[PDB]
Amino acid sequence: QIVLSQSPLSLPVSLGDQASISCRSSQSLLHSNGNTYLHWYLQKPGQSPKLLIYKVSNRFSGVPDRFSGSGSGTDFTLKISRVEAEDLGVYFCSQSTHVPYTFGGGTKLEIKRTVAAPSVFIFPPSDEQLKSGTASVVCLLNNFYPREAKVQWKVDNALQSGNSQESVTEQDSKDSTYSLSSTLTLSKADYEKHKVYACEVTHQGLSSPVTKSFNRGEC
């Protein structure tokens, strides 16, 4: 029942700077055999995890030497001396001193870039979907940084809740931005009852919240 507490949850860091990730244990990881089974892994987006450091400070064979680990007892640290683009991903600590083997919650390492305001686009429902009895209105926030952003739907200036869902991409490996989709789904009958469909986007790269809208019967 060892609990591993990672900090920070997310770490933005500029290319070439150092990163330092902490892992605290709820009890000591010193085994009676004298070894300390605290290990560090990196999971790149869409790949399986990879071992980096085993037993506190042993770099796994072939792992770049910008990675190192230190600590003892209940306090441990993974350092990346000089962050590279390929280091984007989620870092986990894990212990195998006690059963059950347990993981930290993960630290998301984020590549710092300059602020990028989202381009905001809106797509009315297609005619095919409309013929099927449903209407999905999609709002797209393209290529923005940092990730924090608020997206809300207003139909005839009435705020919507319970009928929209959003999804965010991983941080792009080439340009380090995020993209975000928000999909408003209405019944056909409810859709054909209103005129203006508006996506309202707040982001620190914008001088003020942006409302992107269309009128139903307009082309």
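One-based numbering along the sequence shown.
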| query | finding |
| --- | --- |
| Between the two ranges 98 to 106 and 82 to 90, the one averaging a larger CA B factor in the entry | 82 to 90 |
| Mean C-alpha B-factor comparison - 35 to 43 and 175 to 183, higher one | 175 to 183 |
| Identity of residue with top Cα B-factor, from 142, 129, 114, 77 | 129 |
| CA B-factor ranking of residue 206, expressed as a third of its chain | middle |
| Assigned third (lowest, middle, highest) for the C-alpha B factor of residue 133 | highest |
| Within-chain third of residue 57 by Cα B-factor, per the entry | middle |
| Residue 66 - Cα temperature factor, lowest/middle/highest third of chain | lowest |
| Chain-relative CA temperature factor third for residue 161 | highest |
